[PDB]
Amino acid sequence: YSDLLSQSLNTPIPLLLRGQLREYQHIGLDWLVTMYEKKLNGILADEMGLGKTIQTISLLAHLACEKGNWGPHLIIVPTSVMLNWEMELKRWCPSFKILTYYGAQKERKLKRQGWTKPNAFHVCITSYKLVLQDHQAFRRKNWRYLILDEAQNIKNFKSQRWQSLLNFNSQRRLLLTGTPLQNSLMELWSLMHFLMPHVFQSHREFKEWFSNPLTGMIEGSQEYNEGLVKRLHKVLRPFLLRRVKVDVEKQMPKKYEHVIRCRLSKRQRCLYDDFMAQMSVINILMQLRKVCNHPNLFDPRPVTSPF
Amino acid sequence: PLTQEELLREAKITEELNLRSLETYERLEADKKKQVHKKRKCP
Amino acid sequence: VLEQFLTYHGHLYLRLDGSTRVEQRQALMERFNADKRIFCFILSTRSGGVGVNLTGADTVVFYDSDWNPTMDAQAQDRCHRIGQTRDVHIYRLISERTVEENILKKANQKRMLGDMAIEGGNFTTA
Amino acid sequence: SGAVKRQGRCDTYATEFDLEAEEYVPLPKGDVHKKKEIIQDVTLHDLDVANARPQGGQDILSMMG
Ligand SMILES: Nc1ncnc2c1ncn2[C@@H]1O[C@H](COP(=O)(O)OP(=O)(O)O)[C@@H](O)[C@H]1O
């Protein structure tokens, strides 16, 4: 896939769009639309602020204009951002019939009245707090493009969303997230299997035999720190597009991270020593975190008054 | 049905204008909502 | 207790918690990023991650960092937004040789894991 | 006891005025109505002298003192 895509990418036109894309957003759109044309799902891992939402909107516009892909498109985004995605779609590409599926039982019942009709809607906007329990109506649907904003909510396959959204009948799948990692390497597997099941058909054990060695590279355990990381990159190369804002919009100021550590007050020292010399490791860690923050979290100093 | 390859690309104009008007009204509502409404008249 | 401490020293502030309404959150954001008098903007680390725009500040002080990363980053990105006019200094407080030391270490480890995993030049060039 | 203290004005109004003589304390946490047990240790002479020299709030008997 990597080689034949590089061959394919040895430039499209942003047709049917109100605004204009930036030089890098146009390149990302080109990459992901070539991915589509090659019948491949991908992850747009552009860092926050780069505007992957506008990139996906322009991608949908191009699919509808050039390829005539006007069929139903499902965009699943967190509830706090549904309004944002709707406003973006309306400001950048108002041509699409937008169905903002949200509300209570009756409101959603009404909004689904007649949605089975062709051309009734072009882009459907919903949220995880909703599709999670209304999957019975969305599962049996012929979606063309499945878009998930802030895919980090699908970080793990034990959260009832990964399963709820896995078997969603769709032709193409797109994941938008700025942090596919920094909880574990298994989140990448949860995101990719949802993206390319037949490629990662092997259960989580296969990528666990990839992470466990890789995790040791940071710790004392065997520290190859080479070869296996390049193999992981090769595996992830044709699927995800990653860009950092420090170079795309380098005009931003610099940020410095300073770490300072202090001693523990006697009132903190005594409580910490007591909890240490005490339940479970989790409860002990929680109590210690509570102590490190402030001892009043347990019991403030008692106000005294006559008897 | 199944014959709107171009009819859809022509009718899209009306929906585009409608959504444009709707989003402009949304922006106008937000703008008028952003006001402060402060009046210290010093009786 | 953080507000109880800040008051003893006399520092303006506008707290922000998950219990606050999105309307109140947006109002506090707009009033803070506009009014220069407020010196502090106490908020939770794992609160609303998107929509937050606090460019009005120029420094960050992480009191209780989380074991896992990517959320302190989302927190740092609340002040390190595009259009920031001044450099952002992120201060991290750790109570010595405690569970906090462990959390910091683990955070660093996870960051290294993520950096070596995804930052391997996954651009459109290759 | 009936004693009511003044910890200060609410903390949210710190931005109201530019500078004021009032002190600002964070909105008290917990339920408005809360109880708690106090394990006090005193002596009998304390009760003796309290019943021999009474005290209270808003009572003119304090003139005795
Ligand atoms: N090419 C562009 N022209 C105008 N505005 C843009 C452009 N790219 C991004 N933006 C702005 O960036 C903001 C971020 O949008 P969005 O992509 O939803 O956030 P995120 O960066 O978290 O994905 C939008 O409000 C949008 O106005």
# chains A, B, ... in the order shown; residues from 1 in each chain; ligands from 1
>>> closest_atom_pairs(of="chain D", to="chain C", cutoff="12 Å", atoms="only C-alpha atoms", output="tab-separated table")
residue	atom	partner	partner_atom	distance
D:7	CA	C:4	CA	11.5
D:8	CA	C:7	CA	10.8
D:9	CA	C:7	CA	11.3
D:10	CA	C:7	CA	10.7
D:11	CA	C:7	CA	8.0
D:12	CA	C:14	CA	7.3
D:13	CA	C:12	CA	9.5
D:14	CA	C:12	CA	6.3
D:15	CA	C:12	CA	6.9
D:16	CA	C:12	CA	10.6
D:17	CA	C:37	CA	10.9
D:18	CA	C:37	CA	9.0
D:19	CA	C:10	CA	10.8
D:20	CA	C:10	CA	11.5
D:21	CA	C:10	CA	11.9
D:22	CA	C:10	CA	11.2
D:23	CA	C:7	CA	8.1
D:24	CA	C:7	CA	6.2
D:25	CA	C:7	CA	6.3
D:26	CA	C:3	CA	5.9
D:27	CA	C:3	CA	9.1
D:28	CA	C:4	CA	9.8
D:29	CA	C:1	CA	10.0
>>> residues_near_ligand(ligand="ligand 1", cutoff="7 Å", atoms="only C-alpha atoms and all ligand atoms", output="JSON, numbers by chain")
{"A": [19, 20, 21, 22, 48, 49, 50, 51, 52, 53, 54, 84, 85], "C": [50]}
>>> write_last_selection(atoms="N, CA, C and O atoms", output="JSON list (two decimals), in the first residue's frame")
[["chain", "number", "residue", "atom", "x", "y", "z"],
["A", 19, "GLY", "N", -14.79, 29.00, 1.39],
["A", 19, "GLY", "CA", -13.47, 29.50, 1.72],
["A", 19, "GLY", "C", -12.39, 28.86, 0.87],
["A", 19, "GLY", "O", -12.64, 28.21, -0.15],
["A", 20, "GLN", "N", -11.15, 29.06, 1.31],
["A", 20, "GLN", "CA", -9.98, 28.50, 0.64],
["A", 20, "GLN", "C", -9.09, 27.82, 1.67],
["A", 20, "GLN", "O", -8.98, 28.27, 2.81],
["A", 21, "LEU", "N", -8.45, 26.73, 1.25],
["A", 21, "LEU", "CA", -7.58, 25.99, 2.15],
["A", 21, "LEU", "C", -6.18, 26.60, 2.18],
["A", 21, "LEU", "O", -5.72, 27.20, 1.20],
["A", 22, "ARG", "N", -5.50, 26.43, 3.31],
["A", 22, "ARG", "CA", -4.12, 26.85, 3.42],
["A", 22, "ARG", "C", -3.20, 25.85, 2.72],
["A", 22, "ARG", "O", -3.59, 24.71, 2.44],
["A", 48, "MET", "N", -3.88, 19.74, 17.08],
["A", 48, "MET", "CA", -4.96, 20.70, 17.29],
["A", 48, "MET", "C", -4.56, 22.07, 16.77],
["A", 48, "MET", "O", -3.39, 22.47, 16.83],
["A", 49, "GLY", "N", -5.54, 22.81, 16.24],
["A", 49, "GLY", "CA", -5.32, 24.12, 15.69],
["A", 49, "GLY", "C", -5.02, 24.15, 14.21],
["A", 49, "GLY", "O", -5.21, 25.20, 13.58],
["A", 50, "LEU", "N", -4.57, 23.04, 13.63],
["A", 50, "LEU", "CA", -4.26, 23.00, 12.20],
["A", 50, "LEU", "C", -5.51, 23.01, 11.33],
["A", 50, "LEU", "O", -5.41, 23.32, 10.14],
["A", 51, "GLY", "N", -6.67, 22.68, 11.88],
["A", 51, "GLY", "CA", -7.91, 22.75, 11.15],
["A", 51, "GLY", "C", -8.28, 21.53, 10.34],
["A", 51, "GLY", "O", -8.74, 21.68, 9.20],
["A", 52, "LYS", "N", -8.08, 20.32, 10.87],
["A", 52, "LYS", "CA", -8.48, 19.11, 10.16],
["A", 52, "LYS", "C", -9.97, 19.07, 9.86],
["A", 52, "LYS", "O", -10.38, 18.38, 8.93],
["A", 53, "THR", "N", -10.79, 19.78, 10.64],
["A", 53, "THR", "CA", -12.23, 19.80, 10.39],
["A", 53, "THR", "C", -12.53, 20.41, 9.03],
["A", 53, "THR", "O", -13.31, 19.86, 8.24],
["A", 54, "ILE", "N", -11.91, 21.55, 8.72],
["A", 54, "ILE", "CA", -12.10, 22.17, 7.41],
["A", 54, "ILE", "C", -11.55, 21.26, 6.32],
["A", 54, "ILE", "O", -12.10, 21.20, 5.21],
["A", 84, "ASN", "N", -20.41, 23.19, 16.60],
["A", 84, "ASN", "CA", -19.24, 23.70, 15.90],
["A", 84, "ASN", "C", -19.11, 23.08, 14.51],
["A", 84, "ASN", "O", -18.89, 23.79, 13.52],
["A", 85, "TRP", "N", -19.26, 21.76, 14.42],
["A", 85, "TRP", "CA", -19.15, 21.09, 13.13],
["A", 85, "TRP", "C", -20.27, 21.53, 12.19],
["A", 85, "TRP", "O", -20.05, 21.71, 10.99],
["C", 50, "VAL", "N", -12.05, 20.89, 24.40],
["C", 50, "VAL", "CA", -12.18, 21.59, 23.13],
["C", 50, "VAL", "C", -13.03, 22.84, 23.34],
["C", 50, "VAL", "O", -13.91, 22.87, 24.20]]
>>> interface_residues(of="chain D", to="chain A", cutoff="9 Å", atoms="only C-alpha atoms", output="ChimeraX atom specification")
/D:1,38,40,42
>>> interface_residues(of="chain C", to="chain B", cutoff="12 Å", atoms="only C-alpha atoms", output="PDB file with N, CA and C atoms, in the first residue's frame")
ATOM      1  N   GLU C  23     -22.504  27.595  29.527  1.00  0.00           N
ATOM      2  CA  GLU C  23     -22.745  29.028  29.424  1.00  0.00           C
ATOM      3  C   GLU C  23     -21.839  29.804  30.373  1.00  0.00           C
ATOM      4  N   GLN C  26     -18.173  29.643  29.178  1.00  0.00           N
ATOM      5  CA  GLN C  26     -17.869  30.565  28.088  1.00  0.00           C
ATOM      6  C   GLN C  26     -17.843  32.006  28.586  1.00  0.00           C
ATOM      7  N   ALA C  27     -18.780  32.360  29.472  1.00  0.00           N
ATOM      8  CA  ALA C  27     -18.800  33.712  30.018  1.00  0.00           C
ATOM      9  C   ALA C  27     -17.527  34.009  30.799  1.00  0.00           C
ATOM     10  N   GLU C  30     -14.619  34.500  28.355  1.00  0.00           N
ATOM     11  CA  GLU C  30     -14.657  35.793  27.678  1.00  0.00           C
ATOM     12  C   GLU C  30     -14.304  36.926  28.636  1.00  0.00           C
ATOM     13  N   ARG C  31     -14.724  36.814  29.898  1.00  0.00           N
ATOM     14  CA  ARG C  31     -14.451  37.881  30.855  1.00  0.00           C
ATOM     15  C   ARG C  31     -12.995  37.858  31.307  1.00  0.00           C
TER      16      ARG C  31
END
>>> residues_around(residues="range 7-12 of chain B", least_positions_apart="4", cutoff="8 Å", atoms="only C-alpha atoms", output="PyMOL selection string")
(chain A and resi 65+95-96) or (chain B and resi 3+16)
>>> closest_residue(among="C:109, C:70, C:65, C:59", to="residue 91 in chain C", atoms="only C-alpha atoms")
C:59
>>> closest_atom_pairs(of="chain B", to="chain A", cutoff="7 Å", atoms="only C-alpha atoms", output="tab-separated table")
residue	atom	partner	partner_atom	distance
B:12	CA	A:95	CA	5.3
B:13	CA	A:95	CA	6.5
B:15	CA	A:95	CA	5.5
B:16	CA	A:95	CA	4.0
B:19	CA	A:94	CA	5.3
B:20	CA	A:94	CA	6.1
B:23	CA	A:90	CA	6.4
>>> residues_around(residues="residue 298 in chain A", least_positions_apart="5", cutoff="12 Å", atoms="only C-alpha atoms", output="VMD selection string")
(chain A and resid 267 to 268 271 286 to 293) or (chain C and resid 1)
>>> select_by_dssp(residues="range 5-214 of chain A", states="alpha helix (DSSP H)", output="number ranges by chain")
A: 5-8, 23-37, 52-65, 79-92, 105-111, 128-131, 135-139, 162-166, 186-195, 204-214
>>> atom_distance(atom1="CA of residue 223 in chain A", atom2="CA of residue 281 in chain A")
28.2 Å
>>> interface_residues(of="chain C", to="chain A", cutoff="8 Å", atoms="only C-alpha atoms", output="count of residues only")
43
>>> atom_distance(atom1="CA of residue 16 in chain C", atom2="CA of residue 28 in chain C")
8.0 Å
>>> select_by_dssp(residues="range 83-252 of chain A", states="strand (DSSP E)", output="mmCIF file with C-alpha atoms, in the first residue's frame")
data_model
loop_
_atom_site.group_PDB
_atom_site.id
_atom_site.type_symbol
_atom_site.label_atom_id
_atom_site.label_comp_id
_atom_site.auth_asym_id
_atom_site.auth_seq_id
_atom_site.Cartn_x
_atom_site.Cartn_y
_atom_site.Cartn_z
ATOM 1 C CA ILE A 98 -27.180 18.795 7.104
ATOM 2 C CA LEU A 99 -29.171 16.604 9.502
ATOM 3 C CA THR A 100 -28.309 17.511 13.106
ATOM 4 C CA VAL A 123 -24.241 14.931 6.099
ATOM 5 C CA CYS A 124 -25.550 13.594 9.417
ATOM 6 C CA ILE A 125 -24.111 15.056 12.629
ATOM 7 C CA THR A 126 -24.496 13.221 15.941
ATOM 8 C CA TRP A 143 -23.172 5.024 5.005
ATOM 9 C CA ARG A 144 -20.598 6.074 2.413
ATOM 10 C CA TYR A 145 -18.128 7.989 4.605
ATOM 11 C CA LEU A 146 -17.901 7.487 8.376
ATOM 12 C CA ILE A 147 -16.165 10.372 10.168
ATOM 13 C CA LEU A 148 -15.311 10.397 13.882
ATOM 14 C CA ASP A 149 -14.092 13.630 15.469
ATOM 15 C CA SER A 170 -19.820 2.001 5.937
ATOM 16 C CA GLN A 171 -17.723 2.170 2.781
ATOM 17 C CA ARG A 172 -14.976 4.487 4.076
ATOM 18 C CA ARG A 173 -13.852 5.399 7.589
ATOM 19 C CA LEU A 174 -12.015 8.496 8.824
ATOM 20 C CA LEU A 175 -10.688 9.235 12.315
ATOM 21 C CA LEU A 176 -9.814 12.754 13.483
ATOM 22 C CA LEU A 240 -2.049 7.958 9.519
ATOM 23 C CA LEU A 241 -0.974 11.482 8.576
#
>>> atom_distance(atom1="CA of residue 82 in chain A", atom2="CA of residue 127 in chain A")
7.1 Å
>>> decode(residues="range 4-23 of chain D", atoms="N, CA, C and O atoms", output="short mmCIF file (atom, residue, chain, number, x, y, z; two decimals), in the first residue's frame")
data_model
loop_
_atom_site.label_atom_id
_atom_site.label_comp_id
_atom_site.auth_asym_id
_atom_site.auth_seq_id
_atom_site.Cartn_x
_atom_site.Cartn_y
_atom_site.Cartn_z
N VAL D 4 -22.33 34.39 65.74
CA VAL D 4 -22.24 34.46 64.29
C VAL D 4 -21.03 35.32 63.94
O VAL D 4 -20.95 36.49 64.32
N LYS D 5 -20.09 34.74 63.20
CA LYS D 5 -18.87 35.42 62.81
C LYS D 5 -18.97 35.92 61.37
O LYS D 5 -19.86 35.53 60.62
N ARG D 6 -18.03 36.79 61.00
CA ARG D 6 -18.00 37.41 59.68
C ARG D 6 -16.66 37.06 59.02
O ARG D 6 -15.66 37.75 59.20
N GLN D 7 -16.67 35.97 58.25
CA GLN D 7 -15.44 35.54 57.58
C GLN D 7 -15.07 36.48 56.43
O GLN D 7 -13.91 36.51 56.02
N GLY D 8 -16.03 37.24 55.92
CA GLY D 8 -15.80 38.16 54.83
C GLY D 8 -16.81 37.98 53.71
O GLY D 8 -17.64 37.08 53.72
N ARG D 9 -16.71 38.87 52.73
CA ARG D 9 -17.62 38.82 51.59
C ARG D 9 -17.26 37.65 50.68
O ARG D 9 -16.17 37.08 50.76
N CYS D 10 -18.19 37.30 49.79
CA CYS D 10 -17.96 36.20 48.86
C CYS D 10 -16.77 36.50 47.97
O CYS D 10 -16.42 37.66 47.74
N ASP D 11 -16.14 35.44 47.47
CA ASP D 11 -14.90 35.59 46.72
C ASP D 11 -15.17 36.02 45.28
O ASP D 11 -14.33 36.67 44.64
N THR D 12 -16.34 35.67 44.74
CA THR D 12 -16.63 35.95 43.34
C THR D 12 -16.74 37.45 43.06
O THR D 12 -16.55 37.86 41.91
N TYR D 13 -17.05 38.27 44.07
CA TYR D 13 -17.20 39.70 43.88
C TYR D 13 -15.88 40.46 44.00
O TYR D 13 -15.90 41.69 44.12
N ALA D 14 -14.74 39.76 43.97
CA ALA D 14 -13.46 40.45 44.05
C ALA D 14 -13.24 41.37 42.86
O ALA D 14 -12.53 42.37 42.97
N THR D 15 -13.85 41.05 41.71
CA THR D 15 -13.70 41.88 40.52
C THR D 15 -14.70 43.03 40.49
O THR D 15 -14.56 43.94 39.66
N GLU D 16 -15.70 43.01 41.37
CA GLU D 16 -16.72 44.06 41.37
C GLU D 16 -16.08 45.43 41.54
O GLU D 16 -16.15 46.28 40.64
N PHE D 17 -15.47 45.67 42.69
CA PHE D 17 -14.81 46.95 42.95
C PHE D 17 -13.32 46.85 42.66
O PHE D 17 -12.75 45.77 42.55
N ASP D 18 -12.68 48.02 42.55
CA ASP D 18 -11.24 48.07 42.32
C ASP D 18 -10.48 47.72 43.59
O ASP D 18 -9.64 46.82 43.59
N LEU D 19 -10.76 48.43 44.68
CA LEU D 19 -10.15 48.15 45.97
C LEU D 19 -11.16 48.44 47.07
O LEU D 19 -11.83 49.48 47.05
N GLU D 20 -11.28 47.52 48.02
CA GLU D 20 -12.24 47.65 49.10
C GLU D 20 -11.61 47.13 50.39
O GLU D 20 -10.62 46.40 50.38
N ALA D 21 -12.22 47.52 51.51
CA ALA D 21 -11.76 47.08 52.82
C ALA D 21 -12.25 45.68 53.18
O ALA D 21 -11.82 45.13 54.19
N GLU D 22 -13.13 45.10 52.37
CA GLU D 22 -13.66 43.77 52.66
C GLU D 22 -12.63 42.70 52.31
O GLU D 22 -11.81 42.85 51.40
N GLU D 23 -12.67 41.61 53.07
CA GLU D 23 -11.88 40.42 52.79
C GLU D 23 -12.72 39.41 52.01
O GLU D 23 -13.94 39.32 52.19
#
